[PDB]
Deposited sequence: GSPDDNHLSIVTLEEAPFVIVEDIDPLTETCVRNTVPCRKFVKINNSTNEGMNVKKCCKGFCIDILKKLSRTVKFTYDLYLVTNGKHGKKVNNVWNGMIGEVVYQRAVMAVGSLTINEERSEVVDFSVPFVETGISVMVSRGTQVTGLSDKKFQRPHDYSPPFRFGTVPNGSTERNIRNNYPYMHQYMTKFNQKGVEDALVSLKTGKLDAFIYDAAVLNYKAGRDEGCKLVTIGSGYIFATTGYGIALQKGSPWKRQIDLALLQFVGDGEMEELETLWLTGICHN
């Protein structure tokens, strides 16, 4: 029973999805399926054969080899990372919770509320909340009065996040006024947020630290930066989510700490995460 159903989600450079070759998956890519609906009047769909690569995919490749398992990799279609809606989890967390996946592999933030319903492996990447601004924007960080009490300013500071993930949940729990203010600046995704910042439609973009630090590292003309020296609030990490009491957790944790010890994680960081800026 070592052929495992594994859920993932696209988020460059952690997980990168490509169309199949002219007619299987080649190079450093692995096969990954995505259930695609026929129309919106039906539940009928078809799994499209795609190809996955990235930092988290190389981790899956190493774990599969060390921990000795094979897997069926799929991309989540019901939500994204994981949100608890009326006590029902969607996204990658939901897939693990409702046992459609043995594990979730991706840019998945370890937090307390997710940890109540899934077990997480040791963190493989450090993350948290970083703030991206145009170089020179004067903000101390999350605690800045520009974020805490935005209407104390004329015109007020414009900032938002991509909702439904661990960044929004944390801002909701810690800064109630800031949160209710931000919702009008909610971004559909990271790409829109970066464009909004560059087109002067947003002053700050609050998001996952590991993704923001990678985006700042690759920005054209190194214009967009993360405040502080790439500072991280509510520091956490990305971990593999497994079902509570999973028999795989012990071997996955030991393998990950083995990889860190052997400088293999530092190598993957060099190959996927380091930028020009």
item	value
Stretches with no C-alpha position, numbering per deposited sequence from 1	1-4, 27-28, 284-285
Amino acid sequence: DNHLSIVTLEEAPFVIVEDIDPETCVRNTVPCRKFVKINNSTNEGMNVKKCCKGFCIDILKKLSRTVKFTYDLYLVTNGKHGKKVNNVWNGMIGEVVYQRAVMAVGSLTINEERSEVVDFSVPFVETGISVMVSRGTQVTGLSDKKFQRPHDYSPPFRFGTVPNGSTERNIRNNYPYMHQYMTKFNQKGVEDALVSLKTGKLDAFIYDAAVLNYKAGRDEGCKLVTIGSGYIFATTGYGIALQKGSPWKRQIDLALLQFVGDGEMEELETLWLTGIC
From here on, numbers count along this sequence of modelled residues.
property	result
Missing coords for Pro22 in a third or more of other PDB entries	yes
Mean C-alpha B-factor comparison - 265-273 and 249-257, higher one	265-273
Mean Cα B-factor comparison, 72-80 or 131-139, giving the higher one as deposited	131-139
Which of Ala210, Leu224, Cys56, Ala234 ranks first by CA B-factor in the deposited coordinates	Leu224
Which of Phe124, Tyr153, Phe185, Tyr177 ranks first by CA B-factor in the deposited coordinates	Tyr153
Third assignment of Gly200 from its chain's C-alpha B-factors	highest
Within-chain third of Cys25 by Cα B-factor, per the entry	highest
Lowest, middle or highest third - CA B-factor, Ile240	lowest
Position of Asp144 among the chain's modelled residues by C-alpha B-factor, lowest, middle or highest third	highest
Lowest, middle or highest third - CA B-factor, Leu60	lowest
